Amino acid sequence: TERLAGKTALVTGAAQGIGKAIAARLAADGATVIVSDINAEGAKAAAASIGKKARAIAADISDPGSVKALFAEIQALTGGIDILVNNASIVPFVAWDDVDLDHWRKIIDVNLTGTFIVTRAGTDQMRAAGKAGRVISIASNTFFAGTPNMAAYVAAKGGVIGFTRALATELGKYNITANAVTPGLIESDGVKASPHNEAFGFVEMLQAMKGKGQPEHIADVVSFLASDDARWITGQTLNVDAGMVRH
């Protein structure tokens, strides 16, 4: 019991929403959890709320130097991560005709390229420390649905799934698995503060089970993927959306 005792997990974007919930669950599982977010004040509050097992370290996942500093600090405090959860992203609501190159570049730079930057450093850290590892990246079921008003975001999330599939092949020899989770619409802090909050009616209509998805619905699946129970799973995408789509 406390299956993650002695393990260190980094969760990016963990100041609020799904990321905070993931960090809370991994901490309850026994892990030392690094709560990282570009919002430093938010990260501090999130780590404090989780208690004990959690430490806040601010980072911008799109900034290579910021990420290098993040991992240097983790190495000094813990000896290196065992588990990486790529959760940070911008979740936009943008009409197609408002998707210009500036918007596109920003979404790709954070959501896709930031994910690479963090994964590059994190898996290099696992390997240097001789740790079997787990990479878990939060994508989105919009990749399956073709959801409107998010074109750059859907592209970036498809990139995260592609990256995951290739990464699994590259890292298997190091005993590191790489999987993705595709949440459906979740009632996170960020969604409640955006026009996506108005999408619950349509989404629930398409779900096989009713109710608004919650951050804990995703956190509890990430817990499984971080555990030894998922040791034979790599390169896969697990869709968690009460059945809005079927993968």
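Numbering starts at 1 and follows the sequence shown.
When the C-alpha B-factors of 188-196 and 216-224 are averaged, 188-196 comes out higher. Comparing 51-59 with 36-44, the higher mean C-alpha B-factor in the PDB entry belongs to 51-59.
Residues shown: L167, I136, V118, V99. Highest C-alpha temperature factor in the entry: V99. You'll see in the entry that, of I108, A129, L171, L84, the Cα B factor peaks at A129. Compared with the other modelled residues of the chain, the Cα B-factor recorded for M244 ranks in the middle third. For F93, the recorded CA temperature factor ranks within the highest third of the chain's modelled residues. In the deposited entry, the Cα temperature factor of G159 sits in the bottom third of values across the chain's modelled residues. In the deposited entry, the Cα temperature factor of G122 sits in the bottom third of values across the chain's modelled residues.
Split the chain's modelled residues into thirds by C-alpha temperature factor. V67 is in the middle one.
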